[PDB]
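There is one chain below, alone, in structure tokens, taken in the form deposited in one PDB entry.
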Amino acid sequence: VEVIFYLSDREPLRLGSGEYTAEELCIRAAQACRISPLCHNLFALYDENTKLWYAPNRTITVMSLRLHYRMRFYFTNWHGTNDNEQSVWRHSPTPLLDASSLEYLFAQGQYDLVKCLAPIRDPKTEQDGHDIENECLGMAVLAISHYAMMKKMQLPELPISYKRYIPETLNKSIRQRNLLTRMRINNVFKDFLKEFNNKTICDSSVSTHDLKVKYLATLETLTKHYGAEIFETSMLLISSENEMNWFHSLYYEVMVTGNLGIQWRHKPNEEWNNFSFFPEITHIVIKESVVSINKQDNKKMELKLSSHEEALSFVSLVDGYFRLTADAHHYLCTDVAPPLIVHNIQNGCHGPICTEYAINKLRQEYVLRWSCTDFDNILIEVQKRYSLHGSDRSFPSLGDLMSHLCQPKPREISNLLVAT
């Protein structure tokens, strides 16, 4: 009955008896973790036991239930430290992630690696498997070294071992190997740690940020489909005006990624078929457990998931991504529209945006936006009632306060968009 944080020193927040909505909780969480108002949209709530995400509009009526506050919408090579991968950036009037969000992503990466939510890739061969295990030890060294740098302690100061900083499956794999192999691994680890902390760390003056980035990039390369969600289905439909391809008799996978959009494939006993990138979707309809995604070319993808909740999770992912790369003020399905965005466009309120865009929007025309620093006020301060900074009259809603007191352009560019 609480929202959990992967950060080291962040107590969870217990929920009392009452009605809640996922978005408000995500705001509280974003506030708790010093997350900027721009990056708040990247985060969502994950239901640990059912393995199902919550859409922003999902109502929680309160039993034991533990929800993880985590970054859901991810873009490979956001760090731009990859030459074989396309760069990711944000429109200027520049990087995707700030430090605050990056820290949380790092914590998240550690938790995922250890608890195997981010499982290691399968070995193409025995040596490759060994090499994967080696890289795991490397990751352990990275984690421990980061912890060392943060606490301003050195190697003689720290007591610990590699065992709680690797995937549990590998650890348990190791504990069943003979003594000599366990000894060997532990020694080799200790050597890696020693060398890294004696020479490399200061020879190149490796910062903490650098280690985080390294860790996460290694996560991208070392684990299965990192920063991606895969959905199973036994009934898949890909159709157009003159085509109607139905796949049936869970045998089919549909993957959603932030830099390739929606893809699908026959679940293996090779490569993914691209359906659509996000900007091409016009709308998404849900009927029961069935999701129907409509593209601009009148093409359609339709799939039947396990239930309604999973459909909500799926579309909420797709929708969030659409907001991330297409239009920051439009939504694709009413079933998962965040009340804020609805009330936003309903009252003609933009999103927090860089000023140049505001002044430009004002010049080529009163523009209403959101505070680029905090969630508490609209650039007018809203509370649990709407009013101005110096005002005393609590107008029950924005519309009322505005009545007694321009608009956002569809598919308009901004720093709220990721160029991929």
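Numbers for residues come from their place in the sequence shown, where the first is 1. Each form is matched to the other, and the largest set of C-alpha atoms that superpose within 1.5 Å is called the rigid core. Shifts are known only where both forms have a C-alpha.
If you look for the form deposited in another entry, you will not find it shown, but the lines that follow are about it.
Summarising the superposition on the core between the shown form and the other one, the listed residues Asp122, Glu241, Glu288, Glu126 contain exactly one with a Cα shift of 2 Å or larger, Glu241. The Cα position of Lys51 differs by less than 2 Å between the shown form and the other one after fitting on the rigid core.
Positional change of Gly399 between the shown form and the other one reaches 2 Å or more at the C-alpha, relative to the superposed core.
When the two forms are overlaid on the core, consecutive residue runs of 3+ whose CA positions all differ by 2 Å or more between the shown form and the other one map to 241 to 244, 390 to 394, 399 to 405.
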